[PDB]
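Next up: a single chain in structure tokens, the form deposited in one PDB entry.
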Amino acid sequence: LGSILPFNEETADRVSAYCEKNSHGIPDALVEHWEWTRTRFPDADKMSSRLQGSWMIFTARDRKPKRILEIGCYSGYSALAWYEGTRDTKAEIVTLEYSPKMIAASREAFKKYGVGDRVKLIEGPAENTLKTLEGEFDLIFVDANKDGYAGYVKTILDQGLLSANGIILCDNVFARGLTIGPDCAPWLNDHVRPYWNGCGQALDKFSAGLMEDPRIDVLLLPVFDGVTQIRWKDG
């Protein structure tokens, strides 16, 4: 038997709002950023919910990571979540982004937000800029091109970019359900179905490959759009 409650669209949305009502919210400045991102960007679908911002901030305050790595910055929403969750420690936040528009968008938001230089944006293809990083990170958040997740994790592990007691959090691993199977997101609009199906197929192979890597513990958590947790096996 299963670990997922079945909801229709209306009710899933309603239960999300219930979680937000009954979870501490994100700071006002991050709400304003979120609303702005939604207003400014057509592809604003790539950005998390307010609840997910709460989850990122909770996670940071709980784990207290010393360095955070983020693969995929988009409009900086999640970077600013990590920044908020780490004010007491002034953790370093390294975030990688490929898209010139998102790069500009992010520096813009980061500028505006008043973040100090502990937030560092590195520009260029992540598969390459990842390889150049020094040291190790306590929390790594992966949410860039879905067809690149397998490569990213491989580089993280190979070069020891994940600290001993760190975790990798990979986002959107379900591809709305299409990671599991083509008939698993019947509600998707026709114009985005080819995209999610492509992602789903790549994330399926990604997920399978993780199970073949004897260095790590893997937990695919059925929350949000699917979150894979990865840690170094103790073992």
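Just count from 1 along the sequence shown to find any residue number.
What follows is about the form solved in complex with a small molecule, which we do not show.
At the 4.5 Å threshold, heavy atoms of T86 stay clear of the small molecule in the bound PDB entry, well away from it. Contact check for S48: a non-hydrogen atom falls within 4.5 Å of the small molecule in the bound PDB entry. Looking at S99, you'd find a heavy atom of it within 4.5 angstroms of the small molecule in the bound PDB entry. The closest heavy atom approach of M56 to the small molecule in the bound PDB entry falls within 4.5 Å.
In short, of 110-118, 158-166, 86-94, 141-149 it is 141-149 that has heavy atoms within 4.5 Å of the small molecule in the bound PDB entry. If you check the small molecule in the bound PDB entry, you find no heavy atom from any of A60, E134 and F137 within 4.5 Å.
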